[PDB]
S.K.: 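Please read through the structure below; I'll follow up with questions.
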Amino acid sequence: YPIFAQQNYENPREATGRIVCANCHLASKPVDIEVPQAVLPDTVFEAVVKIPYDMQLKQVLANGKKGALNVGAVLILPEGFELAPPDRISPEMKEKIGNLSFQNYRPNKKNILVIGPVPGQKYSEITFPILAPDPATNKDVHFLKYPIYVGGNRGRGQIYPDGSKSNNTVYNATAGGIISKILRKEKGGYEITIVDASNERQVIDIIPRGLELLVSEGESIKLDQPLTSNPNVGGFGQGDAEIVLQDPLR
Ligand code: HEC
């Protein structure tokens, strides 16, 4: 969720250039951003982010049932650029932004905006209303070409803030061996007993509901061998743009 990165990464872009959602949102899937080539001081412009996916896809929801995807994004602007105020947003633009609430990544970072989770059917392309700064009123903003970075995610992530896996990832055998028993559970899920004949050790790997097994009793499994399908139909991607803050003369 945008809140898990905000709660524990102070800045969303790491030194490698990867945005921190990729730490738990593990599949890669394309993101796009259109931004005007150039903008004038103190004018509103739109940055439109596309987070595309095949919409007949159903993911495994937190309780085993299958459902639709939700989308979220993090937009990293230059310092000085910020969310356009309501009075400066046009009516033709206010129906375009639906009724999204863009939040600041942290109150002091006015130039990093997050939005989501919002339903994917409705918001696969999102319009962020940005106000361009004015050099004459800000001594560190110049007429220059500026980088803009976006991260876009659709679907539930794989790892939670404490390091726990969710049920929207592969479950791997914690031991090699032969499966001696597979107990299909009452309300869903499985209990798999592995006899690691090599270590004379018995281990039981538990599998959550919404996942289907790739293994049979009597089969030899290796350590970390996938025991289930990969149920993840979503993914995170990132992209970048360059904008020219333009002198109103030449
Ligand atoms: C790990 C600590 C994570 C970070 C950092 C981010 N996300 Fe995440 N996200 C994570 C999990 C485990 C889940 C699933 C929660 C559940 O049980 O359902 C999510 C979910 C989302 C969603 C909703 C998906 C849906 O309902 O279909 C979105 C839109 C989402 N996350 C976006 C997102 C973005 C853009 C992030 C970077 C700023 C981000 N997440 C970070 C785990 C983690």
Side-chain angles (χ1 to χ4, degrees), residues 1-9 18-29 51-73 116-124 151-237:
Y1 287 124
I3 190 69
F4 293 162
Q6 289 172 90
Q7 272 164 35
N8 37 247
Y9 295 94
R18 283 167 191 265
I19 294 177
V20 299
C21 322
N23 292 336
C24 313
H25 288 278
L26 302 183
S28 191
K29 265 178 193 67
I51 307 161
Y53 65 105
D54 168 10
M55 278 198 230
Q56 69 204 5
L57 293 173
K58 284 170 164 298
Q59 65 169 344
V60 202
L61 276 20
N63 62 92
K65 303 298 276 276
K66 284 191 179 293
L69 293 76
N70 288 276
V71 139
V118 286
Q121 278 286 329
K122 313 247 298 177
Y123 300 104
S124 321
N153 176 253
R154 68 296 261 160
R156 306 201 310 119
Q158 290 57 69
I159 309 161
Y160 285 106
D162 47 56
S164 285
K165 290 189 170 218
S166 69
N167 71 328
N168 196 221
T169 192
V170 178
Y171 276 76
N172 298 348
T174 65
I178 183 176
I179 297 168
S180 57
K181 184 195 292 180
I182 295 177
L183 179 65
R184 295 175 159 79
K185 288 203 286 179
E186 186 219 293
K187 230 59 155 187
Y190 302 90
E191 233 161 87
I192 293 183
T193 296
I194 294 167
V195 172
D196 182 343
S198 298
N199 289 257
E200 291 175 272
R201 195 175 65 193
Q202 180 181 96
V203 323
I204 296 192
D205 289 337
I206 295 156
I207 289 177
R209 37 191 261 171
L211 284 157
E212 47 189 272
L213 302 188
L214 295 181
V215 290
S216 311
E217 299 204 352
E219 188 182 335
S220 285
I221 207 77
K222 311 158 192 68
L223 172 63
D224 250 83
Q225 193 170 301
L227 303 175
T228 59
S229 299
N230 194 334
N232 176 27
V233 295
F236 175 66

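Computed over heavy atoms, backbone and side chain alike; hydrogens, waters and symmetry mates excluded. Residue numbers start at 1 and run along the sequence shown.
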S.K.: Apply the test side chain to side chain donor-acceptor pair (under 3.5 Å) to residues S164 and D162: give CA-CA distance (whole Å), side-chain angles for both, the deciding distance (0.1 Å), then the verdict.
M.R.: CA-CA 6 Å; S164 285; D162 47 56; 2.9 Å; yes
S.K.: Within a radius of less than 6.0 Å around CD of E200, do more than 12 heavy atoms belonging to other residues, nucleotides or ligands occur?
M.R.: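 No.
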S.K.: Side chains of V60 and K66: closer than 4.5 Å at any heavy-atom pair?
M.R.: yes
S.K.: For the residue pair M55 and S124, what are the closest heavy atoms and their distance?
M.R.: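 Closest pair (atom of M55, atom of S124, distance): CE-OG, 3.3 Å.
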S.K.: Does the side chain of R154 come within less than 4.5 Å of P52's, by heavy atoms?
M.R.: yes
S.K.: Do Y190 and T228 touch side chain to side chain, with heavy atoms closer than 4.5 Å?
M.R.: no
S.K.: State whether the number of non-hydrogen atoms from other residues, nucleotides or ligands found under 6.0 Å of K65 atom NZ is greater than 12.
M.R.: no
S.K.: Under 3.5 Å, is there a donor-acceptor pair between the side chain of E191 and the main chain of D205?
M.R.: no
S.K.: State whether the side chain of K165 and the backbone N or O of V170 hold a donor-acceptor pair below 3.5 Å, judged by distance alone.
M.R.: yes
S.K.: Side chains of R18 and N23: donor-acceptor distance under 3.5 Å anywhere?
M.R.: no
S.K.: Determine whether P117 and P2 make a side-chain contact, defined as any pair of heavy atoms from C-beta on separated by less than 4.5 Å.
M.R.: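 Yes; the side chains approach each other to less than 4.5 Å.
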S.K.: Closest heavy-atom contact between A175 and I221?
M.R.: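 In this case the closest contact between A175 and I221 is O-CG2, 3.7 Å.
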S.K.: Please check this pair: side chain of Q158 against backbone of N168, looking for a donor-acceptor N/O pair closer than 3.5 Å.
M.R.: yes
S.K.: State the SG-OH distance between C24 and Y1, to the nearest 0.5 angstrom.
M.R.: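 It comes to 12.5 Å.
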S.K.: For the CG atom of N167 and the CD1 atom of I207, what is their distance to the nearest 0.5 Å?
M.R.: 12.0 Å
S.K.: Give the minimum heavy-atom separation between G235 and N153, together with the two atoms involved.
M.R.: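 Heavy atoms only, the tightest pair is O-ND2, 3.2 Å.
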S.K.: Quick one: NE2 on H25 to CZ on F4, what's the gap to the nearest 0.5 Å?
M.R.: 8.0 Å
S.K.: Check step by step if side-chain contact (heavy atoms from CB on, under 4.5 Å) holds for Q225 and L214.
M.R.: CA-CA 10 Å; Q225 193 170 301; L214 295 181; over 6 Å; no
S.K.: Which atom pair, heavy atoms only, marks the closest approach of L69 to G234?
M.R.: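 Looking at all heavy atoms of both residues, the closest pair is CD2-CA, 4.1 Å.
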S.K.: Quick check against the 3.5 Å criterion: does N70 have a side-chain atom that pairs as donor or acceptor with the backbone of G116?
M.R.: no
S.K.: Donor-acceptor check, side chain of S166 to backbone of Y160, threshold 3.5 angstrom: yes or no?
M.R.: no
S.K.: My understanding is that only one of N172, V215, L211 makes a side chain to side chain contact (heavy atoms under 4.5 Å, CB included) with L227; could you say which?
M.R.: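 Of the listed residues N172, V215, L211, the side chain to side chain contact (heavy atoms under 4.5 Å, CB included) partner of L227 is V215.
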S.K.: State, with a plain yes or no, whether a side-chain heavy atom of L223 is found less than 4.5 Å away from one of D196.
M.R.: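 A side-chain contact under 4.5 Å is absent here.
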S.K.: Roughly how far apart are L183 CG and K181 NZ, rounded to 0.5 Å?
M.R.: 6.5 Å
S.K.: Report the residue from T174, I194, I192, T193 that forms a side chain to side chain contact (heavy atoms under 4.5 Å, CB included) with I204.
M.R.: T193
S.K.: Just by distance, do the side chain of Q59 and the backbone of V233 share a donor-acceptor pair under 3.5 Å?
M.R.: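 Looks like no, no N/O pair under 3.5 Å.
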